[PDB]
Structures are given as C-alpha cells and as structure tokens.
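Asker: Got query_2.csv for you, CSV, C-alpha atoms and all ligand atoms:
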```csv
chain,number,residue,atom,x,y,z
A,1,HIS,CA,58.7,259.3,22.3
A,2,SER,CA,58.6,260.1,30.8
A,3,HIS,CA,59.0,263.1,33.0
A,4,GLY,CA,59.3,261.7,36.4
A,5,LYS,CA,58.0,258.5,37.9
A,6,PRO,CA,56.1,256.4,35.4
A,7,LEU,CA,52.3,256.2,35.9
A,8,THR,CA,50.7,253.5,38.0
A,9,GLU,CA,47.6,251.6,36.7
A,10,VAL,CA,45.2,253.8,38.7
A,11,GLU,CA,47.1,256.9,37.4
A,12,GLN,CA,47.0,255.7,33.8
A,13,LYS,CA,43.3,254.9,34.0
A,14,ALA,CA,42.7,258.2,35.7
A,15,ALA,CA,44.5,260.0,32.9
A,16,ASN,CA,42.2,258.2,30.5
A,17,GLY,CA,39.1,259.5,32.4
A,18,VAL,CA,38.5,256.3,34.4
A,19,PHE,CA,38.6,256.6,38.2
A,20,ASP,CA,36.7,256.1,41.5
A,21,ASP,CA,35.8,259.3,43.3
A,22,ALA,CA,37.3,257.9,46.4
A,23,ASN,CA,40.8,258.0,44.8
A,24,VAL,CA,40.6,261.7,44.0
A,25,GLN,CA,42.9,263.8,46.2
A,26,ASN,CA,43.5,267.5,46.9
A,27,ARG,CA,46.5,269.2,45.2
A,28,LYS,CA,48.6,272.2,45.8
A,29,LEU,CA,49.0,275.1,43.4
A,30,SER,CA,52.7,274.1,43.3
A,31,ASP,CA,51.9,271.1,41.1
A,32,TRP,CA,51.6,273.7,38.3
A,33,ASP,CA,54.7,275.7,39.3
A,34,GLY,CA,56.7,276.9,36.3
A,35,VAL,CA,56.3,279.1,33.2
A,36,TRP,CA,54.0,277.9,30.5
A,37,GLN,CA,53.2,278.7,26.9
A,38,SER,CA,49.8,278.8,25.3
A,39,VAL,CA,49.6,276.4,22.4
A,40,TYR,CA,47.1,278.6,20.5
A,41,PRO,CA,49.7,280.5,18.6
A,42,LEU,CA,51.2,277.2,17.4
A,43,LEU,CA,47.8,276.2,16.1
A,44,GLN,CA,47.5,279.6,14.4
A,45,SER,CA,50.8,279.3,12.5
A,46,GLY,CA,50.1,275.7,11.3
A,47,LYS,CA,52.7,274.2,13.5
A,48,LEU,CA,50.3,271.7,15.2
A,49,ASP,CA,48.9,270.5,11.9
A,50,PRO,CA,50.9,267.2,12.1
A,51,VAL,CA,49.0,266.5,15.4
A,52,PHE,CA,45.6,267.0,13.7
A,53,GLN,CA,46.6,264.8,10.8
A,54,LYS,CA,47.6,261.9,13.0
A,55,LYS,CA,44.3,262.3,14.9
A,56,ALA,CA,42.3,262.4,11.7
A,57,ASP,CA,44.0,259.3,10.2
A,58,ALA,CA,43.0,257.5,13.4
A,59,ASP,CA,39.4,258.5,13.5
A,60,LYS,CA,36.9,257.0,11.1
A,61,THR,CA,34.5,260.0,10.8
A,62,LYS,CA,36.4,263.3,11.5
A,63,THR,CA,38.4,265.0,8.8
A,64,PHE,CA,41.7,266.9,9.4
A,65,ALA,CA,39.7,270.1,9.2
A,66,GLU,CA,37.0,269.0,11.7
A,67,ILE,CA,39.7,268.1,14.2
A,68,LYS,CA,41.6,271.3,13.6
A,69,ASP,CA,38.4,273.4,14.2
A,70,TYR,CA,37.8,271.5,17.4
A,71,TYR,CA,41.2,272.5,18.7
A,72,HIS,CA,40.9,276.0,17.4
A,73,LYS,CA,37.8,276.5,19.6
A,74,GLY,CA,39.5,274.7,22.4
A,75,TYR,CA,42.8,276.5,22.5
A,76,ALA,CA,41.6,280.0,21.7
A,77,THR,CA,42.9,282.5,24.3
A,78,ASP,CA,44.7,285.8,24.4
A,79,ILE,CA,46.7,284.7,27.5
A,80,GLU,CA,50.0,283.9,25.7
A,81,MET,CA,51.9,282.8,28.8
A,82,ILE,CA,51.2,281.8,32.4
A,83,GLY,CA,53.7,281.8,35.3
A,84,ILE,CA,53.2,280.1,38.6
A,85,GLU,CA,55.4,280.3,41.7
A,86,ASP,CA,55.1,281.1,45.4
A,87,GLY,CA,51.4,280.7,45.4
A,88,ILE,CA,51.0,283.4,42.7
A,89,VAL,CA,49.6,282.9,39.2
A,90,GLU,CA,50.6,285.5,36.6
A,91,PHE,CA,48.8,286.0,33.3
A,92,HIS,CA,50.5,287.6,30.3
A,93,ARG,CA,48.6,289.3,27.5
A,94,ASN,CA,50.9,291.2,25.1
A,95,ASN,CA,52.9,293.3,27.5
A,96,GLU,CA,50.1,293.4,30.1
A,97,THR,CA,50.4,291.1,33.1
A,98,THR,CA,48.0,290.5,36.0
A,99,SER,CA,48.5,288.3,39.0
A,100,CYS,CA,47.1,287.1,42.2
A,101,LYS,CA,48.0,284.9,45.2
A,102,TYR,CA,45.2,282.4,44.7
A,103,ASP,CA,43.2,280.6,47.5
A,104,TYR,CA,42.5,276.9,46.9
A,105,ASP,CA,38.9,276.0,47.0
A,106,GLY,CA,39.0,272.2,46.5
A,107,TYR,CA,38.1,270.2,43.4
A,108,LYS,CA,35.1,269.2,41.4
A,109,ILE,CA,34.6,265.9,39.7
A,110,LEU,CA,32.9,266.1,36.3
A,111,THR,CA,31.3,263.3,34.2
A,112,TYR,CA,31.3,264.2,30.5
A,113,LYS,CA,28.6,263.2,28.0
A,114,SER,CA,31.0,260.4,26.9
A,115,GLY,CA,30.9,259.0,30.4
A,116,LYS,CA,34.6,259.7,30.8
A,117,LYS,CA,35.5,261.8,33.9
A,118,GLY,CA,37.8,264.6,34.9
A,119,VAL,CA,38.8,266.6,37.9
A,120,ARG,CA,38.9,270.4,38.1
A,121,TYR,CA,41.1,272.0,40.8
A,122,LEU,CA,39.5,275.3,41.9
A,123,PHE,CA,41.1,278.5,43.0
A,124,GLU,CA,39.8,282.0,43.8
A,125,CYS,CA,41.5,285.4,43.9
A,126,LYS,CA,40.4,287.5,46.9
A,127,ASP,CA,42.9,290.3,46.4
A,128,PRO,CA,40.9,293.5,45.8
A,129,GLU,CA,44.0,295.1,44.1
A,130,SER,CA,44.4,292.3,41.6
A,131,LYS,CA,43.2,292.5,38.0
A,132,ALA,CA,43.6,288.7,37.5
A,133,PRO,CA,40.5,286.4,37.0
A,134,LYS,CA,38.5,286.0,40.2
A,135,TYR,CA,38.0,282.2,39.5
A,136,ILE,CA,40.4,279.7,37.9
A,137,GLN,CA,40.3,276.0,37.4
A,138,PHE,CA,43.0,273.6,36.4
A,139,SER,CA,42.4,270.4,34.5
A,140,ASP,CA,45.3,268.2,33.5
A,141,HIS,CA,44.3,264.4,33.6
A,142,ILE,CA,45.7,264.1,37.1
A,143,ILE,CA,43.6,263.4,40.2
A,144,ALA,CA,46.2,263.4,43.0
A,145,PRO,CA,49.4,265.2,43.8
A,146,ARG,CA,51.8,265.1,40.9
A,147,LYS,CA,53.7,267.8,38.9
A,148,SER,CA,51.8,268.7,35.8
A,149,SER,CA,53.2,268.2,32.3
A,150,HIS,CA,50.6,270.4,30.6
A,151,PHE,CA,47.3,271.8,31.7
A,152,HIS,CA,44.0,273.2,30.6
A,153,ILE,CA,42.8,276.3,32.5
A,154,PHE,CA,39.4,277.8,32.9
A,155,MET,CA,39.2,281.5,33.8
A,156,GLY,CA,36.3,283.8,34.7
A,157,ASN,CA,34.9,286.5,37.0
A,158,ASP,CA,31.2,285.3,37.3
A,159,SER,CA,31.2,282.0,39.3
A,160,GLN,CA,32.9,278.7,39.7
A,161,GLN,CA,29.8,277.0,38.3
A,162,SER,CA,30.0,279.0,35.0
A,163,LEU,CA,33.4,277.5,34.5
A,164,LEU,CA,32.3,274.0,35.4
A,165,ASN,CA,29.8,274.4,32.6
A,166,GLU,CA,32.4,275.3,30.0
A,167,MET,CA,33.2,272.3,27.8
A,168,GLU,CA,34.3,273.7,24.4
A,169,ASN,CA,37.1,276.3,25.3
A,170,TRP,CA,40.0,275.1,27.4
A,171,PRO,CA,43.1,277.3,27.0
A,172,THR,CA,46.0,274.9,27.0
A,173,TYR,CA,49.6,275.4,28.4
A,174,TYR,CA,52.8,273.4,27.9
A,175,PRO,CA,56.2,274.1,29.5
A,176,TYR,CA,57.6,277.4,28.1
A,177,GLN,CA,61.0,275.9,27.2
A,178,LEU,CA,59.7,273.4,24.6
A,179,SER,CA,60.2,274.1,21.0
A,180,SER,CA,57.2,273.9,18.7
A,181,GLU,CA,58.5,270.6,17.5
A,182,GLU,CA,58.7,269.3,21.1
A,183,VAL,CA,55.1,270.4,21.8
A,184,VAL,CA,54.0,268.5,18.8
A,185,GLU,CA,55.9,265.4,19.9
A,186,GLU,CA,54.4,265.6,23.4
A,187,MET,CA,50.9,265.9,21.9
A,188,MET,CA,51.5,262.8,19.8
A,189,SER,CA,53.1,260.8,22.7
A,190,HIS,CA,50.5,261.1,25.5
B,1,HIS,CA,69.4,261.3,23.4
B,2,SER,CA,67.5,268.8,19.7
B,3,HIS,CA,65.6,271.7,21.1
B,4,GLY,CA,65.0,273.9,18.0
B,5,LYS,CA,67.1,274.2,14.9
B,6,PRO,CA,70.1,271.9,14.8
B,7,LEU,CA,73.5,273.6,15.2
B,8,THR,CA,75.5,274.7,12.2
B,9,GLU,CA,79.2,274.0,11.9
B,10,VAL,CA,80.2,277.4,13.2
B,11,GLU,CA,77.7,277.0,16.0
B,12,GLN,CA,79.0,273.6,17.0
B,13,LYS,CA,82.6,274.7,17.0
B,14,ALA,CA,81.6,277.7,18.9
B,15,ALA,CA,79.9,275.5,21.5
B,16,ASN,CA,83.1,273.6,21.8
B,17,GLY,CA,85.1,276.8,22.5
B,18,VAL,CA,86.3,277.4,18.9
B,19,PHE,CA,85.4,280.5,17.1
B,20,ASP,CA,86.5,283.7,15.5
B,21,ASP,CA,85.9,287.0,17.4
B,22,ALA,CA,84.3,288.4,14.3
B,23,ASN,CA,81.5,285.8,14.5
B,24,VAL,CA,80.5,286.8,18.0
B,25,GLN,CA,77.2,288.8,18.2
B,26,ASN,CA,75.2,290.7,20.7
B,27,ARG,CA,72.3,288.9,22.4
B,28,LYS,CA,69.1,290.0,24.1
B,29,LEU,CA,68.2,289.0,27.7
B,30,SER,CA,65.2,287.2,26.2
B,31,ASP,CA,67.5,284.4,25.0
B,32,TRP,CA,67.4,283.3,28.7
B,33,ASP,CA,63.7,283.8,29.1
B,34,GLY,CA,62.0,281.2,31.3
B,35,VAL,CA,62.3,279.7,34.8
B,36,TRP,CA,65.4,277.7,35.7
B,37,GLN,CA,66.5,275.3,38.4
B,38,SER,CA,69.9,275.3,40.0
B,39,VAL,CA,71.6,271.9,39.5
B,40,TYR,CA,73.5,272.1,42.8
B,41,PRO,CA,70.8,270.5,44.9
B,42,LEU,CA,70.8,267.6,42.4
B,43,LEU,CA,74.6,267.3,42.9
B,44,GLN,CA,74.0,267.4,46.7
B,45,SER,CA,71.5,264.5,46.7
B,46,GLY,CA,73.7,262.2,44.6
B,47,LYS,CA,71.4,262.5,41.6
B,48,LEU,CA,74.1,263.7,39.2
B,49,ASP,CA,76.5,260.9,40.1
B,50,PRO,CA,75.8,259.0,36.9
B,51,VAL,CA,77.1,262.1,35.0
B,52,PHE,CA,80.4,262.1,37.0
B,53,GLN,CA,80.8,258.4,36.5
B,54,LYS,CA,80.5,258.7,32.7
B,55,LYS,CA,83.0,261.6,32.7
B,56,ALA,CA,85.4,259.6,34.9
B,57,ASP,CA,85.3,256.5,32.7
B,58,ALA,CA,86.2,258.7,29.7
B,59,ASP,CA,89.1,260.6,31.4
B,60,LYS,CA,92.4,258.8,31.8
B,61,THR,CA,93.5,260.7,34.9
B,62,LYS,CA,90.5,261.9,36.9
B,63,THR,CA,88.6,259.8,39.4
B,64,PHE,CA,84.9,259.8,39.9
B,65,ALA,CA,85.6,261.8,43.1
B,66,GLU,CA,87.9,264.3,41.5
B,67,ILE,CA,85.2,265.1,38.9
B,68,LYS,CA,82.5,265.3,41.5
B,69,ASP,CA,84.5,267.8,43.5
B,70,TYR,CA,85.1,269.9,40.4
B,71,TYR,CA,81.3,270.2,39.9
B,72,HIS,CA,80.7,270.7,43.6
B,73,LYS,CA,82.8,273.8,43.5
B,74,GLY,CA,81.4,274.8,40.1
B,75,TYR,CA,77.7,274.5,40.9
B,76,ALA,CA,77.7,275.8,44.5
B,77,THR,CA,75.1,278.5,45.0
B,78,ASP,CA,72.3,279.4,47.3
B,79,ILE,CA,70.2,280.7,44.4
B,80,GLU,CA,67.9,277.8,43.9
B,81,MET,CA,65.9,279.2,41.0
B,82,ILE,CA,66.1,282.0,38.5
B,83,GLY,CA,63.2,283.5,36.5
B,84,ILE,CA,63.6,285.7,33.5
B,85,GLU,CA,60.9,287.6,31.6
B,86,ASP,CA,60.1,291.1,30.4
B,87,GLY,CA,63.7,292.2,30.9
B,88,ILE,CA,63.6,291.2,34.6
B,89,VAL,CA,65.8,288.6,36.3
B,90,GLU,CA,64.4,287.3,39.6
B,91,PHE,CA,66.6,285.4,42.0
B,92,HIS,CA,65.1,282.9,44.5
B,93,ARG,CA,66.8,282.0,47.8
B,94,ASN,CA,64.6,280.0,50.1
B,95,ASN,CA,61.4,282.2,50.3
B,96,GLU,CA,63.5,285.4,49.6
B,97,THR,CA,63.3,286.8,46.1
B,98,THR,CA,65.1,289.8,44.6
B,99,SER,CA,64.8,291.2,41.1
B,100,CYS,CA,65.9,293.9,38.7
B,101,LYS,CA,65.3,295.1,35.2
B,102,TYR,CA,68.8,294.6,33.9
B,103,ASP,CA,70.7,296.8,31.4
B,104,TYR,CA,72.7,295.1,28.7
B,105,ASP,CA,76.4,296.1,28.7
B,106,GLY,CA,77.7,294.0,25.8
B,107,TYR,CA,79.9,290.9,25.9
B,108,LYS,CA,83.4,289.8,26.7
B,109,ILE,CA,85.4,287.1,25.0
B,110,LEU,CA,87.6,285.1,27.2
B,111,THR,CA,90.4,282.7,26.3
B,112,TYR,CA,90.9,280.0,29.0
B,113,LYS,CA,94.2,278.4,30.0
B,114,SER,CA,93.3,275.5,27.8
B,115,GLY,CA,93.2,277.8,24.7
B,116,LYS,CA,89.4,277.2,24.4
B,117,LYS,CA,87.3,280.3,24.3
B,118,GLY,CA,83.9,281.5,25.7
B,119,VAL,CA,81.7,284.6,25.6
B,120,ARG,CA,80.2,286.3,28.7
B,121,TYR,CA,77.0,288.4,28.2
B,122,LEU,CA,77.1,291.3,30.6
B,123,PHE,CA,74.3,293.0,32.4
B,124,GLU,CA,74.1,295.6,35.2
B,125,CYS,CA,71.3,296.5,37.6
B,126,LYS,CA,70.9,300.3,38.1
B,127,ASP,CA,67.7,300.2,40.1
B,128,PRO,CA,68.5,301.7,43.5
B,129,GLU,CA,65.5,299.9,45.0
B,130,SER,CA,66.6,296.5,43.9
B,131,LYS,CA,68.4,294.0,46.2
B,132,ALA,CA,69.5,291.9,43.2
B,133,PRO,CA,73.2,291.6,42.2
B,134,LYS,CA,74.6,294.7,40.6
B,135,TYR,CA,76.5,292.8,37.9
B,136,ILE,CA,75.6,289.5,36.2
B,137,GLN,CA,77.1,287.6,33.3
B,138,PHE,CA,75.6,284.7,31.3
B,139,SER,CA,77.8,282.0,29.7
B,140,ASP,CA,76.1,279.2,27.8
B,141,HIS,CA,78.3,278.1,24.9
B,142,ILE,CA,76.4,280.3,22.5
B,143,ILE,CA,78.0,283.3,20.8
B,144,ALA,CA,75.1,284.8,18.8
B,145,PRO,CA,71.3,285.0,19.2
B,146,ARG,CA,69.8,281.7,20.2
B,147,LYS,CA,67.4,280.5,23.0
B,148,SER,CA,69.5,279.0,25.7
B,149,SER,CA,69.2,275.3,26.8
B,150,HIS,CA,71.1,275.8,30.0
B,151,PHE,CA,73.4,278.5,31.4
B,152,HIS,CA,76.1,279.4,33.8
B,153,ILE,CA,75.7,282.7,35.6
B,154,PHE,CA,78.2,284.9,37.4
B,155,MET,CA,76.8,287.3,40.0
B,156,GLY,CA,78.5,290.0,42.1
B,157,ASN,CA,78.4,293.6,43.5
B,158,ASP,CA,82.0,294.6,43.0
B,159,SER,CA,82.8,294.9,39.3
B,160,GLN,CA,82.3,293.2,36.0
B,161,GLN,CA,86.1,292.5,35.9
B,162,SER,CA,85.9,290.5,39.2
B,163,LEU,CA,83.4,288.2,37.5
B,164,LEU,CA,85.5,287.9,34.4
B,165,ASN,CA,88.2,286.6,36.7
B,166,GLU,CA,86.0,283.9,38.3
B,167,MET,CA,86.9,280.5,36.7
B,168,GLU,CA,86.0,277.9,39.4
B,169,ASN,CA,82.4,278.7,40.5
B,170,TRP,CA,79.7,279.0,37.8
B,171,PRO,CA,76.2,278.4,39.2
B,172,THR,CA,74.4,276.4,36.6
B,173,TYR,CA,70.7,276.5,35.5
B,174,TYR,CA,68.6,274.1,33.6
B,175,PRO,CA,64.9,274.5,32.6
B,176,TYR,CA,62.8,274.2,35.7
B,177,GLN,CA,60.3,271.7,34.2
B,178,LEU,CA,63.0,268.9,33.8
B,179,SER,CA,63.0,266.0,36.1
B,180,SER,CA,66.3,265.1,37.8
B,181,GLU,CA,66.6,262.2,35.3
B,182,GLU,CA,66.1,264.6,32.4
B,183,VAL,CA,68.8,266.9,33.7
B,184,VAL,CA,71.1,264.0,33.9
B,185,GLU,CA,70.3,262.9,30.4
B,186,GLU,CA,70.8,266.4,29.0
B,187,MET,CA,74.2,266.6,30.8
B,188,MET,CA,75.2,263.3,29.2
B,189,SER,CA,73.9,264.3,25.7
B,190,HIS,CA,75.5,267.7,25.0
C,1,ZN,ZN,61.5,262.9,21.8
C,2,ZN,ZN,56.7,286.1,37.0
C,3,ZN,ZN,59.4,279.6,46.4
C,4,ZN,ZN,55.2,289.0,30.1
C,5,ZN,ZN,45.4,267.7,28.1
C,6,ZN,ZN,61.8,263.4,16.5
C,7,ZN,ZN,56.2,263.2,27.0
C,8,ZN,ZN,65.6,261.4,26.1
C,9,ZN,ZN,58.6,285.6,38.6
C,10,ZN,ZN,56.5,289.8,27.8
C,11,ZN,ZN,60.4,281.6,44.8
C,12,ZN,ZN,77.3,274.5,30.1
C,13,ZN,ZN,66.3,257.2,29.2
C,14,ZN,ZN,69.3,267.8,24.8
```
Now that the file is in, can you turn its structure into structure tokens?
Ligand SMILES: [Zn+2]
Ligand SMILES: [Zn+2]
Ligand SMILES: [Zn+2]
Ligand SMILES: [Zn+2]
Ligand SMILES: [Zn+2]
Ligand SMILES: [Zn+2]
Ligand SMILES: [Zn+2]
Ligand SMILES: [Zn+2]
Ligand SMILES: [Zn+2]
Ligand SMILES: [Zn+2]
Ligand SMILES: [Zn+2]
Ligand SMILES: [Zn+2]
Ligand SMILES: [Zn+2]
Ligand SMILES: [Zn+2]

Answerer:
Amino acid sequence: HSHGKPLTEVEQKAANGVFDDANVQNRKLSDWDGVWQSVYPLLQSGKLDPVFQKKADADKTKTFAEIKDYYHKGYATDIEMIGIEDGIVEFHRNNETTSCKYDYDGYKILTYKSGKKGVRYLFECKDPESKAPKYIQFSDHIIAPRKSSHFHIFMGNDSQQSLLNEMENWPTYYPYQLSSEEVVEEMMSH
Amino acid sequence: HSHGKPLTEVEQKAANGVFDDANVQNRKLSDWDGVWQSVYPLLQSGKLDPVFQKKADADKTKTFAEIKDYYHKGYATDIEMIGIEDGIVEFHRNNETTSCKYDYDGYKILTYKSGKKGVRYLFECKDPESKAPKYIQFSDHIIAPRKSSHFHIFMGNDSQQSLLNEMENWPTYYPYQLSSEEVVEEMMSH
C-alpha cells in the first residue's frame, strides 16, 4: 500500500478538494454502514507517530510535534466507537451508548481558507426519546454515492450552522476491524 | 497478500488443526466483536469463483465444480450479517433482526475424520424475550484469546450436541468493510 472500484479522475480530484458544485450528489446514510473505531486513542498511545513523522519529513515548515498537535486537536473525542446500520447511528462512550434513526437533510459545500473544498452530509435526530446528538455531519472526501473508507464526523445539539463553522476538531473513524498497524498504513497510503 | 501480531508456531499449527488439548484456552465473546458479512451471497453471484479455481488447480481429484458445491453447502445461510458488541450478538435476515446477550458455556474440542482438530466456543441465549438462536458456536481456527479475522458459526435451538454433530454447513463471516475482491484475497492468503 484499493477497497472497491478504483477512483475516476473526477473522484480523485474531488478527494483532493477539487470539484465543481454541479458534480456533488446526495448520499444515503448506508454509505457509512459498519462499525468504526475512533483513531484518537491510537494517537494517545503513540501508535500514529509514524504517520506524523512521514508528514513532518514532507513539510518544509512543520515539525513532528506541530503536526502531532494538529491531529491531537483534530481527533479529540470521547466517542470511542460508532456503529451504523438500518438507518441508525449508535455512539459508544465507555459503556454508555446512545442512538437515533437519523433524517437526511442534504449536504453543504464548504470552501476552506486554502481554497480547497469539501462536502458535509447533514443528518438530524428528531426522536424525542433519543440521547444522541441532534445534528451530525459526515465528511470523508467523497461527493457522490460511494462506500466510505474512513470519515470525519461533526456532532452537536445547537445548530447545523455551528457544525459548519467547526474547522479544528473532526473526530475521525476507521473500520473497527483494522489493527493499529493497518490504520497507520491506511493513513500513509491515501 | 497480517492483521495484528504474527502467529507463533503453536498458533500456526493450531490454525492448521494440530494442537495439544492442554494448550486450548477459554475466549471471550469480544474476540468476535465487530460487524460481519456472510460470504454466501458472494458465492451465489460468482464472485468467489477465483477461490474455487485456485483450490481445484491444487487438488488432484476435485474439480472446480466439486469444490464450489462443497462451499455452497458449507456457506448456505439466510443470516446475511452478524453484529457483535457489548456481549450481544445480533443476527440480520432481510430487514428482520434478532439479538441476545449470550452466556459463555466453554469450548469443545473436536477431532475430524481427517484426524485434524478444531475448537468450538459455545454460547447460550437464556433471554426469554429473545428470538435469537438458543445455542451458538464459533469456530475460527483459533484456540486461545485472539481477535478473529473470520469465523464459522453454528446456530440452533435443539441442543449444543446437535451443533457439535454438524460438519457440512458452517455459515461463514468476514469483516463487513471488505470488498468482494478483498474477501477473495483473504481466502486465497490464509
Ligand atoms: Zn498493506
Ligand atoms: Zn449496534
Ligand atoms: Zn439492514
Ligand atoms: Zn459499546
Ligand atoms: Zn479524511
Ligand atoms: Zn507493511
Ligand atoms: Zn487503503
Ligand atoms: Zn492485499
Ligand atoms: Zn447492532
Ligand atoms: Zn462496549
Ligand atoms: Zn440489519
Ligand atoms: Zn475458516
Ligand atoms: Zn490484488
Ligand atoms: Zn489476510
């Protein structure tokens, strides 16, 4: 070190933050079906350090430590695991789990300060008996139907716009079955 | 084409059906934590045929078709997906799901007609409100604590002994996130 059909040119550009708004498409929650591990505990045990070292050695300005701090802020979350199936997202803290059958509310295209772009896929929990986040957004470098390989998820109870504003913290999830070594390889290979 | 710590000599022999009973150890249900796809639909759509072809070309007697029929009988199941977490096994048929918090009831060492050996890990559902199988058994070429890569599961409502007798049908589950191509590779690489 690819996980289904290779990417087309539009898809590859899209993954690199280059795309036309007209090529963005709606997605179903099932693109994120599966069980997923938070990568934060891997950061916190030093097991992602090889990733930060490769990134440092390839950037002229940033040190290993600056890069590691960037991902520390980015990955931080107490949601250790996320399960998605049958329209339901389940959030695991410790031995506490919450869940909701989320309603899709479309997407939002963002342009970052760098000029690169990304798409958030928006969902809302309207179950009054749920203790899960009212608003969630998926971001995973994909702009049209395709099974996700890993994702960044924004979670909150205030508004969708509050989450659209969040640029520094993006809890990150890889397939649960991967070993720490396999997560590291994935991070170095895409 | 390995998914955590490489196997030791005892482990490798054990995976090949060679081991001393004294080296068998209890395991927790969490060794099978995750979500898992049935490989039967891959068989049924021709997507495992490359596996059967390699196996045929390496066996002096059996044809591609004889091998494929063996796995057809072996893999057959209507349980398309299995999810395991927090001591609960959840079985998915179509849009119907059942589940139970299973009680561990030890293991059973079997010796096959070939003289090779295997270990079944036994669980029982005692939840009167559950519609899940009363008895289940995991078999996955592992005889001591270790996260499973794939497993064979026996399921029934009669007795544990009935399942111990079953040698021809062994519904088989790989990590849900793998593409069909990745399942095929795994089957050709272990
Ligand atoms: Zn690799
Ligand atoms: Zn679940
Ligand atoms: Zn389903
Ligand atoms: Zn949990
Ligand atoms: Zn990413
Ligand atoms: Zn390697
Ligand atoms: Zn990859
Ligand atoms: Zn490979
Ligand atoms: Zn579940
Ligand atoms: Zn748990
Ligand atoms: Zn289901
Ligand atoms: Zn097997
Ligand atoms: Zn290949
Ligand atoms: Zn493998």

Asker: I'd like the neighbourhood of residue B:23 as a list in words, where a residue qualifies if any of its atoms comes within 10 Å (using all atoms listed in the file), though same-chain residues fewer than 6 positions away should be ignored.

Answerer: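 Answer for this query is residues 10, 11, 14, 143 and 144 of chain B.
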
Asker: For atom CA of residue A:181 and atom CA of residue B:3, quote the distance in Å rounded to one decimal.

Answerer: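 Distance reported for this atom pair: 8.0 Å.
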
Asker: Residues near residue B:128, anyone? I mean within 12 Å using only C-alpha atoms, not counting same-chain ones fewer than 6 positions away, as a count of residues only.

Answerer: 5

Asker: Just want the 8 Å neighbourhood of residue B:153, counted on only C-alpha atoms, with same-chain residues fewer than 4 positions away dropped. Output as a ChimeraX atom specification.

Answerer: /B:136-139,170-173

Asker: Only residues of chain B matter here; which ones have an atom within 12 Å of chain A, counting only C-alpha atoms? Give them as a compact mmCIF listing (two decimals) with C-alpha atoms, in the frame of the given file.

Answerer:
```
# COMPACT_ATOMS: atom_id res chain seq x y z
CA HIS B 1 69.40 261.30 23.40
CA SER B 2 67.50 268.80 19.70
CA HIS B 3 65.60 271.70 21.10
CA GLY B 4 65.00 273.90 18.00
CA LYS B 5 67.10 274.20 14.90
CA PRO B 6 70.10 271.90 14.80
CA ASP B 31 67.50 284.40 25.00
CA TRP B 32 67.40 283.30 28.70
CA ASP B 33 63.70 283.80 29.10
CA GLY B 34 62.00 281.20 31.30
CA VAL B 35 62.30 279.70 34.80
CA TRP B 36 65.40 277.70 35.70
CA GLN B 37 66.50 275.30 38.40
CA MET B 81 65.90 279.20 41.00
CA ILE B 82 66.10 282.00 38.50
CA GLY B 83 63.20 283.50 36.50
CA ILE B 84 63.60 285.70 33.50
CA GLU B 85 60.90 287.60 31.60
CA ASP B 86 60.10 291.10 30.40
CA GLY B 87 63.70 292.20 30.90
CA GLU B 90 64.40 287.30 39.60
CA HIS B 92 65.10 282.90 44.50
CA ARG B 93 66.80 282.00 47.80
CA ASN B 94 64.60 280.00 50.10
CA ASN B 95 61.40 282.20 50.30
CA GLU B 96 63.50 285.40 49.60
CA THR B 97 63.30 286.80 46.10
CA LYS B 147 67.40 280.50 23.00
CA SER B 148 69.50 279.00 25.70
CA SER B 149 69.20 275.30 26.80
CA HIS B 150 71.10 275.80 30.00
CA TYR B 174 68.60 274.10 33.60
CA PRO B 175 64.90 274.50 32.60
CA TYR B 176 62.80 274.20 35.70
CA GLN B 177 60.30 271.70 34.20
CA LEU B 178 63.00 268.90 33.80
CA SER B 179 63.00 266.00 36.10
CA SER B 180 66.30 265.10 37.80
CA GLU B 181 66.60 262.20 35.30
CA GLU B 182 66.10 264.60 32.40
CA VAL B 183 68.80 266.90 33.70
CA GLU B 185 70.30 262.90 30.40
```

Asker: In Å, how far is it from atom CA of residue B:167 to atom CA of residue B:119?

Answerer: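 Taking atom CA of residue B:167 as the start and atom CA of residue B:119 as the end point, the length is 12.9 Å.
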
Asker: Out of A:98, A:63, A:53, A:77, which residue has the shortest atom-to-atom distance to ligand ZN 9 (chain C) when counting all atoms listed in the file?

Answerer: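 Ranked by minimum distance to ligand ZN 9 (chain C), first place goes to A:98.
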
Asker: Nearest to ligand ZN 12 (chain C): which of B:74, B:156, B:46, B:41 is it, counting all atoms listed in the file?

Answerer: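 Ranked by minimum distance to ligand ZN 12 (chain C), first place goes to B:74.
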